[PDB]
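Taking it in order: structure first as structure tokens, then the write-up.
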Amino acid sequence: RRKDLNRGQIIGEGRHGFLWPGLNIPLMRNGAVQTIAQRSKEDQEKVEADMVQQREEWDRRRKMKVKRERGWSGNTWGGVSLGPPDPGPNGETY
Amino acid sequence: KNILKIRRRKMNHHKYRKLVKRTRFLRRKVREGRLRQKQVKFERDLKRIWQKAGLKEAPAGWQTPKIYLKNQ
RNA sequence: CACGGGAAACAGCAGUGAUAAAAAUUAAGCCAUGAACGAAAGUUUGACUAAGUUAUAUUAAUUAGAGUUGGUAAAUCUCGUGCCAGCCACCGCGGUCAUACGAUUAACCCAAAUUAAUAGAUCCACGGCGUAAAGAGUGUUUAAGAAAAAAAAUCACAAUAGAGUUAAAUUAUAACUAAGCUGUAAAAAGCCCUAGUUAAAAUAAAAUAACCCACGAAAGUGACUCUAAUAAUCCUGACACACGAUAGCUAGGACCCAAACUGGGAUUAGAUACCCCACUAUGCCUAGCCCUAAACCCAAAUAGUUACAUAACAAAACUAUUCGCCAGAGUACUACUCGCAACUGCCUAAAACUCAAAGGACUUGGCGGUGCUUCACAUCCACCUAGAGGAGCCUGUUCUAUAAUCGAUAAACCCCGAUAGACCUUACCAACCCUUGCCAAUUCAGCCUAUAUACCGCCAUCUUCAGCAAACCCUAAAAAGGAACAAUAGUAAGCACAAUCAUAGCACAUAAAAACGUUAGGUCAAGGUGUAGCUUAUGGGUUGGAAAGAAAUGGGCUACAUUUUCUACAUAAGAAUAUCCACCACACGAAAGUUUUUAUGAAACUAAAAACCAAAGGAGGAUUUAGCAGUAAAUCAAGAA
Ligand SMILES: [Mg+2]
Ligand SMILES: [Mg+2]
Ligand SMILES: [Mg+2]
Ligand SMILES: [Mg+2]
Ligand SMILES: [Mg+2]
Ligand SMILES: [Mg+2]
Ligand SMILES: [Mg+2]
Ligand SMILES: [Mg+2]
Ligand SMILES: [Mg+2]
Ligand SMILES: [Mg+2]
Ligand SMILES: [Mg+2]
Ligand SMILES: [Mg+2]
Ligand SMILES: [Mg+2]
Ligand SMILES: [Mg+2]
Ligand SMILES: [Mg+2]
Ligand SMILES: [Mg+2]
Ligand SMILES: [Mg+2]
Ligand SMILES: [Mg+2]
Ligand SMILES: [Mg+2]
Ligand SMILES: [Mg+2]
Ligand SMILES: [Mg+2]
Ligand SMILES: [Mg+2]
Ligand SMILES: [Mg+2]
Ligand SMILES: [Mg+2]
Ligand SMILES: [Mg+2]
Ligand SMILES: [Mg+2]
Ligand SMILES: [Mg+2]
Ligand SMILES: [Mg+2]
Ligand SMILES: [Mg+2]
Ligand SMILES: [Mg+2]
Ligand SMILES: [Mg+2]
Ligand SMILES: [Mg+2]
Ligand SMILES: [Mg+2]
Ligand SMILES: [Mg+2]
Ligand SMILES: [Mg+2]
Ligand SMILES: [Mg+2]
Ligand SMILES: [Mg+2]
Ligand SMILES: [Mg+2]
Ligand SMILES: [Mg+2]
Ligand SMILES: [Mg+2]
Ligand SMILES: [Mg+2]
Ligand SMILES: [Mg+2]
Ligand SMILES: [Mg+2]
Ligand SMILES: [Mg+2]
Ligand SMILES: [Mg+2]
Ligand SMILES: [Mg+2]
Ligand SMILES: [Mg+2]
Ligand SMILES: [Mg+2]
Ligand SMILES: [Mg+2]
Ligand SMILES: [Mg+2]
Ligand SMILES: [Mg+2]
Ligand SMILES: [Mg+2]
Ligand SMILES: [Mg+2]
Ligand SMILES: [Mg+2]
Ligand SMILES: [Mg+2]
Ligand SMILES: [Mg+2]
Ligand SMILES: [Mg+2]
Ligand SMILES: [Mg+2]
Ligand SMILES: [Mg+2]
Ligand SMILES: [Mg+2]
Ligand SMILES: [Mg+2]
Ligand SMILES: [Mg+2]
Ligand SMILES: [Mg+2]
Ligand SMILES: [Mg+2]
Ligand SMILES: [Mg+2]
Ligand SMILES: [Mg+2]
Ligand SMILES: [Mg+2]
Ligand SMILES: [Mg+2]
Ligand SMILES: [Mg+2]
Ligand SMILES: [Mg+2]
Ligand SMILES: [Mg+2]
Ligand SMILES: [Mg+2]
Ligand SMILES: [Mg+2]
Ligand SMILES: [Mg+2]
Ligand SMILES: [Mg+2]
Ligand SMILES: [Mg+2]
Ligand SMILES: [Mg+2]
Ligand SMILES: [Mg+2]
Ligand SMILES: [Mg+2]
Ligand SMILES: [Mg+2]
Ligand SMILES: [Mg+2]
Ligand SMILES: [Mg+2]
Ligand SMILES: [Mg+2]
Ligand SMILES: [Mg+2]
Ligand SMILES: [Mg+2]
Ligand SMILES: [Mg+2]
Ligand SMILES: [Mg+2]
Ligand SMILES: [Mg+2]
Ligand SMILES: [Mg+2]
Ligand SMILES: [Mg+2]
Ligand SMILES: [Mg+2]
Ligand SMILES: [Mg+2]
Ligand SMILES: [Mg+2]
Ligand SMILES: [Mg+2]
Numbered sequence: 122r123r124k125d126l127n128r129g130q131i132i133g134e135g136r137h138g139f140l141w142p143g144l145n146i147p148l149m150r151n152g153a154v155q156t157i158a159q160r161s162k163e164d165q166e167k168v169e170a171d172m173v174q175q176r177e178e179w180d181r182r183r184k185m186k187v188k189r190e191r192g193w194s195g196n197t198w199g200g201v202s203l204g205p206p207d208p209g210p211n212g213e214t215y
Numbered sequence: 128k129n130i131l132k133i134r135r136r137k138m139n140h141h142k143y144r145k146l147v148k149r150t151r152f153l154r155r156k157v158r159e160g161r162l163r164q165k166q167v168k169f170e171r172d173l174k175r176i177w178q179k180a181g182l183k184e185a186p187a188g189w190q191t192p193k194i195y196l197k198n199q
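Chains as they are written, first to last, in the authors' numbering: chain E, 122 to 215; chain n, 128 to 199.
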């Protein structure tokens, strides 16, 4: 099954931990024009921990995706509710 | 189709006739062999009766003909 | 059955040997009940009473374990294993990525029980019998039953059994006449005591009528005539009775022609067959048997109705009365029985065992040495041209050899990845060497190692083929199908084809394009990747070394010469010309070799050029390739690397 690497990574997000004025951080603070800055060792250990727990969250969310209501027996689709039919062309709704 | 049932029969018959040709004289023995048992059991059947009805000999004028071995 | 005989009896309570998948105390009391006796108190009672043992079943709680987890059927993650070890009640799972095995991890469900086994309860048919298992080969009657009224009219003429008869054809056998006659896809053998003609008995078989549909119970019956003659005031009915095609059997006749068998002849790898030729049992009669058929119209008899109603297909659906028959498939028209003028027979007709099917009808495909139409346009045939297979050489495979790559290898491999290997390339073998070993950082790099049957990429192939496909709509049901243009259920944008583009204006031609799928077709060595493996090595470097030919074959090149060879030369010329003969060899043909140079290059093993030498080859077996016009064929020049 296909996992996407486009999920979870922001722009300017990096392991060498630079805060770029237009991406990681809003362009201005109380004072204008923040400069190019680098977080701590531990601030980075934390953001990395955050991305790790993100991936864990997504894996759990993919595994929790198994739930069903059974129609007759197990994998028999007999008696399974298919859900109300589709509204016709005339606006008729059931 | 139903020929496929007939095929079986056809074969089983053919394979039987062939057999009964090779085995012919073996067969011929065992047939006559049982006819000589038949005629005998038959005889005993009647013998049983004299002895059951109390007579010593078979009744007068009784040769007890051979039916099973009848030929020509 | 116990006089008598074996022989010395727990099938009383406890216990015990042997046997079996099968395991209660050598226990205490007559205290209650029941029993025996007693006049009675009462006495005895392995009956019984109260215990003892056992999860055997229910109940209560103090007790937690077993089985399962692919599907039917509640419930799964990671390893290991690799059609092995194993599992399953049925379908099935294991062949390298197993939710089915073994073991974990979660769950499910039962629970002092849980599974497995074996027996039961339950379980066919008040359903059927054209094609599925099942209407007997035929009729009549007995036994037994069922019952309003109508229910014998005629052959459109071929029941049967007798007796008599013969028109066509054929054959004996003569008379002539000719040498052949017969026979097949083609022949051969065969016969010439043959063939054509003209005569002509027997035997056998019955054109047309029949486009008729009659007669018989069925089998069967259709040349002609005459005799005898077709049951029942009419329901059903057997293992009883009487018949019953062919073939076959017994005895005697018949014998034109046919013909199993058999012998020749072909065909064939073989040909015990299909084709040919003879000839026999046998078809024919009289008498006696045998009693079988796809004895089938696969549709029981007798009265009815066309109401209800389409599994499918076929001959449309059903009442009522009957009899006959059918309980998976084989095994099995079988084994044993019974009976028969049969004695390789007929009839009746099982089980062990094996399997999870076996069957009927249909649906699309695909296929067909089925039939019919229409084509093939380099295309199958007929046709045209030029070649391949023979020779030398070039170059690629395949084999042998090597310490010494890989890939392709029916059409769709074979001058193929290479528009390209002396070192390099290079992946190979032989030795030596190096271990965060390209990078900014990383218990990280790096791997032409195993998977092309995990793949993306690029392609082959059907294919210059016309189809593919969503969205809908219809079909007394739909697996699927879906058109007729005086139109009958089809509409539909999309992708294909077509159209347009390019080949410098048209046109045609060529180029290009050519979906969906097919071949698990090609390629983990273009590159990239999923899964697996390697990590002081399957990684990275240096130095050399490989690519030898017994052959066998694919494709090319050059020839074999006069439509030629040489020189001049561009396309009117001059000479040479395989046999003289001792040429002082020459005619074609040396691309091959030996020698010398030169080009390149650090390195000639490579290319070119001269000098020599002049060999096989004298137009090529079976079989094959290509081309429909500026093409084929011949000739010349350029580029990619
Ligand atoms: Mg389930
Ligand atoms: Mg058989
Ligand atoms: Mg016997
Ligand atoms: Mg006794
Ligand atoms: Mg005694
Ligand atoms: Mg006893
Ligand atoms: Mg006892
Ligand atoms: Mg006793
Ligand atoms: Mg014991
Ligand atoms: Mg017990
Ligand atoms: Mg006692
Ligand atoms: Mg008790
Ligand atoms: Mg219990
Ligand atoms: Mg416990
Ligand atoms: Mg093995
Ligand atoms: Mg595994
Ligand atoms: Mg299971
Ligand atoms: Mg398991
Ligand atoms: Mg229990
Ligand atoms: Mg029932
Ligand atoms: Mg029917
Ligand atoms: Mg049948
Ligand atoms: Mg049966
Ligand atoms: Mg019938
Ligand atoms: Mg009958
Ligand atoms: Mg029969
Ligand atoms: Mg009566
Ligand atoms: Mg009636
Ligand atoms: Mg007669
Ligand atoms: Mg005549
Ligand atoms: Mg004649
Ligand atoms: Mg004649
Ligand atoms: Mg012919
Ligand atoms: Mg001859
Ligand atoms: Mg006719
Ligand atoms: Mg008729
Ligand atoms: Mg009558
Ligand atoms: Mg009757
Ligand atoms: Mg008969
Ligand atoms: Mg006969
Ligand atoms: Mg004869
Ligand atoms: Mg004669
Ligand atoms: Mg003849
Ligand atoms: Mg022969
Ligand atoms: Mg052959
Ligand atoms: Mg033939
Ligand atoms: Mg003859
Ligand atoms: Mg006859
Ligand atoms: Mg018939
Ligand atoms: Mg029939
Ligand atoms: Mg029948
Ligand atoms: Mg009947
Ligand atoms: Mg009748
Ligand atoms: Mg009716
Ligand atoms: Mg249908
Ligand atoms: Mg059976
Ligand atoms: Mg038979
Ligand atoms: Mg039999
Ligand atoms: Mg009988
Ligand atoms: Mg051609
Ligand atoms: Mg063609
Ligand atoms: Mg040639
Ligand atoms: Mg050649
Ligand atoms: Mg190779
Ligand atoms: Mg080799
Ligand atoms: Mg290979
Ligand atoms: Mg391959
Ligand atoms: Mg191929
Ligand atoms: Mg080529
Ligand atoms: Mg090299
Ligand atoms: Mg390597
Ligand atoms: Mg392999
Ligand atoms: Mg492939
Ligand atoms: Mg691919
Ligand atoms: Mg079209
Ligand atoms: Mg359709
Ligand atoms: Mg144009
Ligand atoms: Mg065009
Ligand atoms: Mg093209
Ligand atoms: Mg086009
Ligand atoms: Mg393959
Ligand atoms: Mg292939
Ligand atoms: Mg790779
Ligand atoms: Mg990878
Ligand atoms: Mg190395
Ligand atoms: Mg090297
Ligand atoms: Mg050759
Ligand atoms: Mg040539
Ligand atoms: Mg001249
Ligand atoms: Mg040379
Ligand atoms: Mg020469
Ligand atoms: Mg020569
Ligand atoms: Mg040819
Ligand atoms: Mg270049």
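No residue lacks a Cβ here, since even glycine has one placed at the ideal position from N, Cα and C.
Less than 6 Å between C-beta atoms, sequence neighbours within five positions excluded: which residues of the same chain meet that for residue i?
i, result
"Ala-185 (chain n)", "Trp-177"
"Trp-189 (chain n)", "none"
"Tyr-195 (chain n)", "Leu-162, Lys-165, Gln-166"
"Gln-165 (chain E)", "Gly-138"
Would you mind giving the Cβ-Cβ distance between residue i and residue j, rounded to the nearest angstrom? I have them listed as a contact below 8 Å.
i, j, result
"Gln-166 (chain n)", "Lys-193 (chain n)", "5 Å"
"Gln-159 (chain E)", "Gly-138 (chain E)", "6 Å"
Pull the bridge partners of residue i from the DSSP assignment, please.
i, result
"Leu-140 (chain E)", "E:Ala-158"
For the alpha helix (DSSP H) that contains residue i, what are its first and last residues?
i, result
"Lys-174 (chain n)", "151–180"
Can you find the residues in the same chain that come closer than 8 Å, C-beta to C-beta, to residue i, ignoring five residues on each side of it along the sequence?
i, result
"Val-154 (chain E)", "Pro-142, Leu-148"
"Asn-129 (chain n)", "none"
"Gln-199 (chain n)", "none"
Practice task
Ignoring anything shorter than 3 residues or poking outside the segment 182–208 of chain E, list the beta strand (DSSP E) runs there in chain order.
Solution key: Listed in chain order, there is nothing to give.
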